[PDB]
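Read the structure below first, then the notes.
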Amino acid sequence: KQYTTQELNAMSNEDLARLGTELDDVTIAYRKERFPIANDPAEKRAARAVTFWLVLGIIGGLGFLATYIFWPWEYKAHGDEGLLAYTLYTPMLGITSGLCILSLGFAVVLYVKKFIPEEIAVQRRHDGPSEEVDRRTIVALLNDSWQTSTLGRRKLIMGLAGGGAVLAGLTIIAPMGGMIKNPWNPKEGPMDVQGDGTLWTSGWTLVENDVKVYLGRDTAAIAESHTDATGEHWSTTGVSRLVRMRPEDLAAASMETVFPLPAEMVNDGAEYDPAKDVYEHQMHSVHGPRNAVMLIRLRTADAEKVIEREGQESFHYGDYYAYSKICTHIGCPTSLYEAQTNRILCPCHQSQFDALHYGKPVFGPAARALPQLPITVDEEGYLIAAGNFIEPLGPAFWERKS
Amino acid sequence: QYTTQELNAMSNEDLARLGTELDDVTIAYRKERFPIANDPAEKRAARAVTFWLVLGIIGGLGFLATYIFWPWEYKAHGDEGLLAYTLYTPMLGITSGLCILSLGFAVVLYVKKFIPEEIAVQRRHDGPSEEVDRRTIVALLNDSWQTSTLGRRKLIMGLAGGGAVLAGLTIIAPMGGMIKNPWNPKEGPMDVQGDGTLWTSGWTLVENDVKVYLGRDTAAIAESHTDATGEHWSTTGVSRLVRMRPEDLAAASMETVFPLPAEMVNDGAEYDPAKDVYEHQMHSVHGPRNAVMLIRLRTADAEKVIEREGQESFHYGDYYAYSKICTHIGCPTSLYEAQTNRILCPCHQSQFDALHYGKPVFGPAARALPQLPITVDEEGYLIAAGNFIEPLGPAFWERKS
Amino acid sequence: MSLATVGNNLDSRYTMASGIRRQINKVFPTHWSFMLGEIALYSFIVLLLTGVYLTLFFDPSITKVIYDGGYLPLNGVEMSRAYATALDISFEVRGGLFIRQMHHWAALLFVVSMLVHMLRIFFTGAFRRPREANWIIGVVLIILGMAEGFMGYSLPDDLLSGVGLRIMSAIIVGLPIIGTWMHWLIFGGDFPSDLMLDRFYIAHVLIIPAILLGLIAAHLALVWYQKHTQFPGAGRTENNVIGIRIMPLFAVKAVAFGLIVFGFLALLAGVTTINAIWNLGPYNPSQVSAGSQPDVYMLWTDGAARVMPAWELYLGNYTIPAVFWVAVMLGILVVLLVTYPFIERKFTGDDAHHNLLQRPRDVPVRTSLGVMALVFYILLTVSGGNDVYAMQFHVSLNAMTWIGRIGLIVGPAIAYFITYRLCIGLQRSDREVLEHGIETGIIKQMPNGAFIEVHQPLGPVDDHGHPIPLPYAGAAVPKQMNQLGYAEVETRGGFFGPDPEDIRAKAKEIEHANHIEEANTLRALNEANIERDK
Amino acid sequence: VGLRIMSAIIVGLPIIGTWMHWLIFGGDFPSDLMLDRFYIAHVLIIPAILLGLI
Ligand code: HEM
Ligand code: HEM
Ligand SMILES: C/C=C(C)/C=C/C=C/[C@H](OC)[C@@H](C)[C@@H](OC)[C@@H](C)CCc1oc2c(O)c(OC)cc(OC)c2c(=O)c1C
Ligand SMILES: C/C=C(C)/C=C\C=C\[C@H](OC)[C@@H](C)[C@@H](OC)[C@@H](C)CCc1oc2c(O)c(OC)cc(OC)c2c(=O)c1C
């Protein structure tokens with residue numbers, strides 16, 4: 001029922017509150033004050049508990065701002081002065097900020113838990129089906145709209161409208177074919193030291209273009225900071241990332257990561273030029289997706305009991321063998337050459353390849369043997385790639401034979 | 001209230017009217033479009049809607065056909081099929097319109113010709129709430145606040161405010177990591193763009209006892225070399241900047257020059273095709289306050305020049321050099337009028353007199369263009385005898401004058 | 001302050017008094033585990049804000065540069081702009097490392113809070129009718145949060161993260177019949193590519209956050225509309241809700257718990273390193289590390305790849321790689337998680353409108369399925385980091401792979417058995433108390449020498465003194481006497497001295513009256529509910 | 001050219017023009033972070049304020 005202004009005026013404020021909650025089908029079953037005694041010692045005892053954490057909220061906030069402005073934050077390397085002060089900047093930031101924010105939160109939780117009254121409140125639900133008049137009437141209105149329209153009679157306009165609707169949808173989404181790309185269309189231009197950009201090739205395919213491709217080791221060189229009257233300049237003009245390597249280099253039971261190093265990008269030996277900028281291209285070679293090759297030297301006792309694969313006989317040169325460093329499972333580096341067991345282990349999902357059984361997987365989720373590179377030595381005695389792999393490198397895909 | 005037995009004895013018209021009334025709406029007037037049994041006007045309207053739908057089909061199928069099978073790759077001026085390339089995107093939008101606009105017109109015509117004409121009236125429930133709601137909500141909020149008792153305890157409330165504002169400052173203090181002093185050097189050794197502050201440019205290197213030629217821009221692009229192991233773009237023997245000599249410019253001409261330190265030259269008798277000076281020279285070209293305009297005047301105009309105080313010996317014969325950056329808000333003043341000797345800014349049409357030490361004569365600029373002191377060296381190339389005597393570019397609060 | 005004018009203007013312009021009265025009067029049930037969704041909300045807000053901060057300093061490009069930044073042990077090293085600007089965030093921005101680590105800790109908290117929240121929802125039965133929609137969108141939310149963290153930590157372009165991207169790429173090419181084309185679409189080419197980091201960046205900062213926020217919004221709106229579930233208890237029916245109102249209690253509690261969450265993440269962000277990209281170096285396809293592993297919320301996928309045997313089909317000109325079945329496994333367990341309410345309704349035949357919850361002891365099939373799935377996921381997660389486990393607990397690696405394999409059958413089954421029997425046992429303990437009364441712990445000796453334990457009944461008694469057994473009611477039954485309040489202190493004062501005896505007597509009288517009337521109102525509401533059921 | 005002009009407006013403001021500029025651009029113009037801040041403003045922040053206000 002409604003209330004006139006005089007009746008609402010006649011009420012007390014608590015009575016208006018009771019009416020307010022009951023208008024939403026809420027009822028306060030129970031509600032009682034925390035400190036009814038007039039000058040309770042427990043109320044002052046609770047106030048001091050709350051002010052403790054508010055004091056520390058203020059202390060922590062001010063300490064955070066002090067730490068954040070005036071604490072020496074800038075980087076120090078090992079052996080520098082004020083190293084310890086730098087290593088603690090972020091720690092102090094967090095302990096002060098945590099002090100501040102946690103103390104504010106605890107103050108508020110305590111205030112609720114011992115000052116605001118306690119209550120049981122009970123609200124009635126209104127859910128499930130609706131009240132049937134509304135169901136019947138909404139169905140009536142929607143059915144009325146559909147039959148009003150007269151579109152159900154016109155099968156031709158409906159069919160054509162749906163056809164135009166779906167075709168307009170196609171017209172909207174068709175430019176998503178700007179993302180579609182044939183995986184078998186090669187990359188632009190000629191072949192690169194990373195291949196033609198298909199899943200077949202690599203840099204080692206360049207042998208088929210009559211290029212001499214050395215096996216090259218990574219020197220891990222960095223740019224050098226020259227400095228002069230016009231500034232400070234990091235440069236790479238006389239620096240080789242990849243350098244040729246020779247068969248004497250690896251002891252037995254050694255492993256070296258080698259990359260394709262065409263003879264045009266070499267800059268080492270007596271033919272070294274101190275202004276021949278090749279670092280960019282050798283870097284492009286080191287970052288080829290499936291360019292890394294694992295070059296192992298077996299012991300003679302091991303090479304006496306190495307098992308060869310059909311067609312991959314004479315790929316090795318003496319005791320030197322060469323496998324693809326890309327795992328045949330889902331493409332991690334197969335870096336872990338257990339030198340004694342002669343097993344190459346992938347640290348991703350723990351596949352194990354037998355270096356004495358043409359790299360056949362003997363454990364893990366891999367199923368195919370590691371591809372093998374044919375290698376030899378040239379007229380100057382540098383190791384070179386005598387051919388290309390006879391397999392697709394890397395993991396498997398739907399279009400791959402065996 | 002509507003019991004089910006009453007609600008059952010109701011038509012769909014009755015229930016629809018009840019529904020609109022339950023929502024404070026009343027359809028005051030609604031009349032069918034084609035009441036007659038065999039109206040030819042209905043068939044006429046149906047043909048109208050069918051037309052645009054069929055044309056929407058044609059437009060959409062044309063779109064997909066074009067987007068797939070029309071040749072779309074770039075063709076240059078000399079190529080065969082430049083027409084077929086230039087009409088691709090045109091055709092795409094022609095057919096996209098013909099699909100979507102045709103579907104739109106179809107829906108408009110259907111709602112105009114076939115759906116009945118309706119007038120409906122709905123009552124508003126706006127303005128103040130009823131008084132009981134206002135009184136009850138005020139009672140509930142007063143109850144919450146007074147029963148909370150937080151107004152009785154001023155110390156706790158004050159410290160809560162203090163802790164909350166200090167927590168807020170704790171939250172937003174990381175934005176102070178976005179702050180940078182605008183007057184720190186950049187902070188390595190000074191380079192061909194200055195020390196990164198507003199007081200310096202490449203020409204400041206002159207004050208470090210570096211020879212800085214005036215370098216003219218060649219616009220030379222990288223070269224593509226290809227061979228049996230790939231294709232690559234190279235700039236090894238290429239130079240973006242070259243030294244120049246006073247015999248190059250005619251008697252009313254303007255060149256844009258940049259600061260070319262002696263360590264970046266690589267042209268003339270000392271040219272090596274393996275010296276790769278490109279990226280540093282580009283760094284010189286891409287400094288904000290680096291561009292200067294070197295003007296050779298006619299003789300009879302040069303002897304009308306009014307110099308600025310302290311800058312009477314900055315020129316070299318008929319050669320004058322002015323900062324190319326405008327003193328308004330930083331555009332290049334690249335429009336030298338050869339006959340009027342006005343230097344004009346294209347951004348907001350400031351005009352500077354070149355026979356009056358670069359003093360503005362129009363537009364919103366107020367300060368004169370800075371002048372660079374220049375001369376020739378022993379080998380016969382033009383060099384910067386010194387740095388500018390003033391800050392350059394637009395003005396800031398800290399700039400004197 | 002003249003709030004009257006503000007309220008009057010707002011009300012005269014919007015007619016808002018009733019609508020706002022409805023929201024300050026809304027009731028929420030106040031069990032503790034109804035805060036586990038809140039954590040996910042708050043950590044999400046932290047993720048948003050800290051994320052925007054990081055975007056002001058980050059360049060997502062795969063273009064290479066020579067490094068010349070703060071961190072000297074990598075100066076002169078060729079690296080992408082992504083790795084370079086992550087290092088600049090870490091070392092050249094003041095407090096940047098703090099905000100980075102706070103962002104990552106917030107990500108971890110977001111995902112695990114979603115997990116434990118979903119487990120509350122599962123074990124209590126809050127998914128069933130009318131609330132299945134929140135279940136479907138919540139499963140979507142946990143999946144998208146996982147994807148979001150993956151794409152997020154793939155951005156800084158360090159070695160470990162790039163190995164993760166390599167593994168993603170390898171799994172997408174392996175798909176029949178369309179994996180190669182899908183890969184060339186997603187990555188724009190072969191891996192790595194130009195647009196991969198740009199696409200992961202805009203997926204991470206814009207697309208997935210937008211879907212996540214929109215679904216969190218729909219989720220919270222449905223939770224607010226369909227009022228919250230509750231456990232059984234005195235006065236509680238299918239047709240009501242008992243708890244506290246929005247204004248003042250619950251809103252303040254929400255703000256305070258949010259402050260606690262924010263401060264805990266701030267603290268973590270300072271006192272513990274996470275990720276540490278500067279030790280890992282930049283990404284290189286030819287390098288790897290032993291402690292690989294994705295982030296914790298992805299280790300299950302990793303473990304699925306480790307426990308799978310090398311089962312491949314050669315057809316013969318086409319190939320089905322061995323990881324395809326791992327994708328099938330993930331698809332199965334996603335579908336089974338998202339469609340579980342319908343599975344339970346098929347095999348139980350229950351389809352009523354449920355607003356009360358179930359204690360997990362009382363629904364033992366679901367609790368046992370839950371714990372067995374927990375054990376399957378635990379063994380996948382430990383299978384992921386199984387080599388770290390092997391290194392750090394002197395277990396053979398291969399032993400751990402076979403432990404993972406066999407465990408993914410025998411662990412779930414043993415878990416089902418043990419869980420089911422423990423559930424029935426807890427039921428029986430509750431029925432013991434409702435049959436014979438609380439075991440007080442007191443043992444008396446009678447005159448005949450019989451040791452009898454003293455029981456406290458929770459109901460009437462027969463004239464023999466034996467309780468009349470009460471029916472179970474789906475609520476918690478007190479097991480010890482101190483739950484009834486017989487241990488409660490009756491002195492009052494500070495730690496160092498008592499109050500005056502006047503105040504203590506008065507206060508204890510008042511407290512006794514409080515307890516009596518709270519019990520009375522719940523008893524009256526209980527009787528009223530019986531009467532409403534006629 | 002338009003970014004140049006906006007930068008020149010911002011430096012001219014007193015007192016805080018130079019400091020405002022070094023905040024927005026993260027340095028002297030053109031800056032390493034300029035386009036990236038404009039990017040995330042354009043794709044995330046302003047579209048979100050716009051969608052919320054719409
Ligand atoms: C609009 C919202 C977000 C933005 C703008 C954002 C932004 C970023 C950016 C730019 C990075 C780059 C790397 C770095 O600077 O350290 C990053 C890292 C990350 N993000 Fe986000 N992010 C958002 C939301 C999220 C969400 C919702 C999650 C988790 C569900 C998440 C998880 C991560 C993780 C795990 C990292 C790696 C942290 C690290 O590099 O140490 N982000 N975020
Ligand atoms: C970021 C993700 C999520 C957020 C922010 C969130 C937030 C919330 C909040 C605040 C509540 C009410 C308070 C509570 O019950 O704890 C809630 C309830 C609920 N949540 Fe979520 N939740 C998320 C994910 C999920 C997931 C993963 C599921 C299940 C698959 C789920 C299903 C539910 C259901 C069914 C309820 C209703 C509980 C009831 O009515 O008794 N939500 N959620
Ligand atoms: C992150 C950004 C922030 C905080 C911005 C704050 C606002 C600053 C200014 O108000 C103080 C603002 C109103 C406005 O300045 C009038 C600027 C936008 C500058 C607009 C602007 O652009 C031009 C432009 O783009 C051009 O391109 C070719 C060319 C132009 O002339 C030829 C102009 C131009 O003459 C102006 C004024
Ligand atoms: C709906 C989702 C969208 C829009 C976007 C993104 C989707 C993300 C996917 O999940 C949903 C994605 C995480 C997933 O896709 C199968 C793959 C990466 C596979 C998971 C995966 O990762 C690893 C990883 O990261 C590692 O890092 C160092 C290391 C790893 O082993 C050591 C693994 C690994 O063994 C597996 C199986």
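FYI, side chains are in, hydrogens and waters are out, and symmetry mates aren't considered; it's all heavy atoms of this structure. Letters A, B, ... are given to chains in the order of the sequence lines, protein chains preceding strands, and every chain is numbered from 1.
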Once rounded to the nearest 0.5 Å, what's the spacing between atom CG of A:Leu160 and atom CG of B:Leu103? 10.5 Å
If I measure from the heavy atoms of chain B, does A:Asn143 come under 4.5 Å with its side chain, its backbone, both, or neither? side chain
Selection from B:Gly56, B:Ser148, B:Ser102 maximising heavy-atom pairs under 4.5 Å formed with chain A: B:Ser148
Between the CG atom in A:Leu23 and the CG atom in B:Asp133, the distance rounded to the nearest 0.5 Å is 7.0 Å
Should A:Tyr111 and B:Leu150 count as side-chain neighbours, where that means a heavy-atom distance under 4.5 Å? yes
Under a 4.5 Å heavy-atom cutoff, which of B:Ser234, B:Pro174, B:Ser11 has the most pairs with chain A? B:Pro174
By a 4.5 Å heavy-atom criterion (distance strictly below it), what part of B:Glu279 contacts chain A: side chain, backbone, both, or neither? neither
Rounded distance (nearest 0.5 Å) linking atom CZ of A:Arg48 with atom CD1 of B:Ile156: 10.5 Å
Which atoms of A:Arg31 are under 4.5 Å from chain B, going by heavy atoms: the side chain, the backbone, both sets, or neither? side chain
Is it true that, when you exclude B:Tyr2 itself, more than 12 heavy atoms of the residues, nucleotides or ligands shown sit nearer than 6.0 Å to its OH? no
Residues, nucleotides or ligands: over 12 heavy atoms within 6.0 Å of A:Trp234 CH2: yes
Pairwise distance CG(A:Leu141) to CG(B:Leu18) - rounded to 0.5 angstrom: 9.0 Å
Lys/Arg N to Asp/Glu carboxylate O, A:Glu43 vs B:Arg152, below 4.0 Å: no
Any residue meeting salt bridge (charged side-chain N to carboxylate O under 4.0 Å, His left out) with A:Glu131, in chain and number order, not counting sequence neighbours: none
Who among B:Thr50, B:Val192, B:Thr147 has the most heavy-atom pairs with chain A under 4.5 Å? B:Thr147
Contact class of A:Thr237 relative to chain B, heavy atoms under 4.5 angstrom: side chain
Looking only at B:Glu32, B:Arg33, B:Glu131, B:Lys275, most heavy-atom pairs under 4.5 Å shared with chain A are made by B:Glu131
Surrounding NZ of A:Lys187 (heavy atoms of other residues, nucleotides or ligands, distance under 6.0 Å), is the total greater than 12? no
Measuring heavy-atom distances to chain B, does A:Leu65 have an atom under 4.5 Å in its side chain, in its backbone, in both, or in neither? side chain
Answer yes or no: does atom CG of B:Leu109 have more than 12 heavy-atom neighbours from other residues, nucleotides or ligands under 6.0 Å? yes
With heavy-atom distances below 4.5 Å as the criterion, would you say the side chains of B:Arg135 and A:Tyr3 are in contact? no
How far apart are the closest heavy atoms of A:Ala140 and B:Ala16, and which atoms are they? CB-N, 3.9 Å
A quick test of your reading: do over 12 heavy atoms of other residues, nucleotides or ligands sit less than 6.0 Å from CD of B:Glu73? yes
For B:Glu263, which atoms come within 4.5 Å of any heavy atom of chain A: side chain, backbone, both, or neither? side chain
So, the part of A:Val50 with a heavy atom under 4.5 Å from chain B: the answer is side chain
Could you grab the distance from atom CD1 of B:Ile115 to atom OG of A:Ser145, nearest 0.5 Å is fine? 9.0 Å
Please state whether the side chain, the backbone, both or neither of A:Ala107 comes within less than 4.5 Å of a heavy atom of chain B. neither
Counting distance only, does the side-chain N/O of A:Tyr68 pair as donor-acceptor with the main-chain N or O of B:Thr170 below 3.5 Å? no
Counting heavy-atom pairs under 4.5 Å to chain A, which of B:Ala160, B:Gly202, B:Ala262 comes out on top? B:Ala160
Side chain, backbone, both or neither: which part of B:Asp195 has an atom under 4.5 Å from a heavy atom of chain A? neither
Shorter than 4.5 Å, heavy atoms on both sides: which option in B:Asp191, B:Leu15, B:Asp14 has the most such pairs with chain A? B:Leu15
If you count heavy atoms of other groups shown closer than 6.0 angstrom to NZ of B:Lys211, is the number above 12? yes
Can you say whether A:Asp277 sits under 4.5 Å from chain B via the side chain, the backbone, both, or neither, judging by heavy atoms? side chain
Of all the heavy-atom pairs spanning A:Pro190 and B:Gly230, show the shortest one and how long it is. CG-C, 3.8 Å
Against chain B, label A:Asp24 side chain, backbone, both or neither, depending on which of its atoms sit under 4.5 Å from a heavy atom there. neither
When you look at CG of A:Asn9, are more than 12 heavy atoms from neighbouring residues, nucleotides or ligands closer to it than 6.0 Å? yes
Heavy-atom side-chain contact between A:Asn209 and B:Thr229 under 4.5 Å: no
Which portion of A:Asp144 sits near chain B, non-hydrogen atoms under 4.5 angstrom: side chain
Measure distances from A:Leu8 to the heavy atoms of chain B and classify the residue's part below 4.5 Å as side chain, backbone, both or neither. both
Atom pair CG/CD1 of A:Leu167 and B:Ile100 - distance to nearest 0.5 Å: 10.0 Å
Taking the side chain as every heavy atom from C-beta outward, state whether B:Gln1 and A:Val133 have any atom pair closer than 4.5 Å. no
For B:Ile171, is it the side chain, the backbone, both or neither that has a heavy atom under 4.5 Å from a heavy atom of chain A? side chain
